[PDB]
């Protein structure tokens, strides 16, 4: 009885600690996301020059034709907005998978420098999306935006539901392509090909680390194990659903905001162009890496994502 009570105090202590660690890991995911988000947004903003097209059109008011610039502005403004939302979603899922795998590993080792080296490397792989993988996503988005919006005159008046529906159709095309096994675009956008793993580390870590890392071939094998696990998760239909859901929730928050601004101003139909401009202002809100950004807080705290994280954290049979 006494010793049974001692065991139950140990097991309580363990469950308290495991819960404390999970909770802290989830906060660390949100905090790492916010720190990386500027490194991701900058490339996208430079590539999709919504503001430069806007300035050229105004210049003309008072060299591509006006017609050309307006179709270019339509595709690029929507492309940028969905590219942000998809890349953010992929980074969120990516970090939640990475950090939860590692946290579990740590928790087990405790419950029982080379190990730390394989963890450091694994964490480095966020570079790929930040410096390459996002482009594939942008290409896929641009293609799908063309498929749905390419023929629509910017002058045309749409309701917010009509517009939401068009956005949703775009999304369903994107999703069908990026999850399609060719390894999906998701995988190739978040992870380097096998032959480029050492390259990634050489881009992200110094010679001291690389020397220590390469001294023991077990380090490379350990990283391959973590990457296999991670890739396993990324190929899973439930993870795909969650990426889509994050984007969906993003769009929802943005459109709610646009609706409120409209109602405040004065829902009547509005010209497509007006929605392009609205989206562009709201896009700016997705890129804000502030603790007070409620949209990013929401995305990082969705129930499906907690459920996923918890399944990973507790997958001891990996």
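Numbering follows the first chain given and starts at 1.
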item	value
Residue 112 to residue 113: deposited residues without atomic coordinates	10 or more
Residue 62 to residue 63: deposited residues without atomic coordinates	10 or more
Mean C-alpha B-factor comparison - 125 to 133 and 156 to 164, higher one	156 to 164
Stretch with the greater mean C-alpha B-factor as recorded in the entry, comparing 246 to 254 against 24 to 32	246 to 254
From 278, 293, 287, 264, residue of greatest CA B-factor	264
Entry-reported Cα temperature factor of residue 304, expressed as the chain third it lands in	lowest
Ranked against its chain, the third holding the CA B-factor of residue 170	middle
Entry-reported Cα temperature factor of residue 80, expressed as the chain third it lands in	lowest
Residue 97, C-alpha B-factor rank within chain (lowest, middle or highest third)	lowest
Third of the chain's Cα B-factor distribution that residue 106 belongs to, per the entry	highest
